[PDB]
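One structure is given here, and the rest of the page talks about it.
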Ligand SMILES: N[C@@H](Cc1cc(I)c(Oc2cc(I)c(O)c(I)c2)c(I)c1)C(=O)O
Ligand SMILES: N[C@@H](Cc1cc(I)c(Oc2cc(I)c(O)c(I)c2)c(I)c1)C(=O)O
């Protein structure tokens, strides 16, 4: 699993289940191409979004639907969403893990770049 | 000042200076349309973006150019940029303070929403 | 001024009002002895803890009573309290600014040291 | 195991390897009595800190040595160390992952209590 997304709820202190995460990849036209899509499992992580061969070089946008997650719980959050825009595989084949900590009025995101 | 962005460097433990900040107010045709622009002062705070008269009930995008701040220092950051997207003033004249803590492979943004 | 302390609430998106704060400097006996106390204001801070003359070089510890804060709102937080142990005025006189973003199960604390 | 720990370097975007970890347990006579200890693995995880029998109801403190981690890298951190004081196993038997994101002048910790 080259690309991975890990999401947590800071209010309840557990994994953020069913959070719609959308992965786009840039284009020469500078428009966004829909690379992948999925929702986070009961563990709060969405692995198996892409494969080594398919995850080529480029700029990717990982967009997390935080507003929908909260609205479901009955809370109206600040952000409409939270996205992580980065340049992947520039140097070489690296395995990424994107983690995000959620709160109504704050969100935190860290990455963990690792060799295969 | 109903909208002020605050940015702090978490590696050197000081305010992030000269960080480019771009604000975009969503237009009626659903296109991100330029609202404000500026660079964080020496205190890390960027003020004087707009006024309440022209800070209408919409969806704004405060984009902080973190990539260039870090590259200037000689470091190579993970994120292309940090982006906060939210629906402002959808009730009444609220004052919005949006702050962000920066780290090369991590960052988090909080929002303090008050009113005079 | 030398020991400034802001405390935010990442759930309600506002400053944390009346959050107890206890500071302790390390005594020559390696035990923790009292130094200053007070509660955060409406703006979410306490600016009158000590003054240069009393804020000598040593090992300090700002303890923030997070437990009691979250217990009033009805919530049952994970931590008993947020602590920040650090060495003060090592490089001569400096002005410190501790800060914590509070959330039920997760807290974050940044430190900003500026020179007079 | 029932008590797992995680440290993550956010300056380099990698797991924090060889970080000292010391767990304490609230004694009966209100003093910090040693409970368990170890060092983080290649993945940044520290497992087998305690059995599913020693971890009885009490007030545990997890001290993560931040100071030496940064010193070794040439960096001059702000904090002497990260601490996580919490109450465990009062609602019954629980699993506790305790994460920490590090930066020279800022650290963040989150708890993920899972139910067996
Ligand atoms: N392989 C790892 C996966 C893992 C990573 C993080 I990172 C995490 O929790 C946090 C803590 C903080 I602090 C953050 O800012 C964010 I985003 C997520 C959790 I739970 C699990 C393991 O399970 O051991
Ligand atoms: N040096 C400042 C103090 C200060 C620093 C930060 I950085 C900050 O904003 C955040 C945002 C997030 I997201 C965090 O996780 C944290 I911790 C702090 C705020 I408000 C105040 C002064 O005295 O002016």
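Chain A is numbered as in Swiss-Prot; the shown residues are, in order, 30-145.
For all residues, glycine too, the Cβ spot is worked out from N, Cα and C.
Within A:74, A:81, A:82, A:92, the residue that Swiss-Prot lists together with A:35, A:137 for binding L-thyroxine is A:74. Rounded to the nearest whole angstrom, the C-alpha distance between residue A:62 (4-carboxyglutamate) and residue A:74 (L-thyroxine binding site) is 23. When Cβ neighbours within 10 Å are tallied across all protein chains shown, the highest count among the recorded positions A:35, A:62, A:72, A:118, A:137 belongs to A:137. For residue A:74 (L-thyroxine binding site), the same-chain residues lying six or more positions away in sequence with a CB closer than 8 A to its CB are A:33, A:34, A:35, A:36, A:44. Looking only at the recorded positions A:30, A:72, A:118, the one with its C-alpha closest to residue A:137 (L-thyroxine binding site) is A:72. Using a 10 Å radius centred on the Cβ of residue A:30 (sulfocysteine) and all shown protein chains, the other Cβ atoms total 15.
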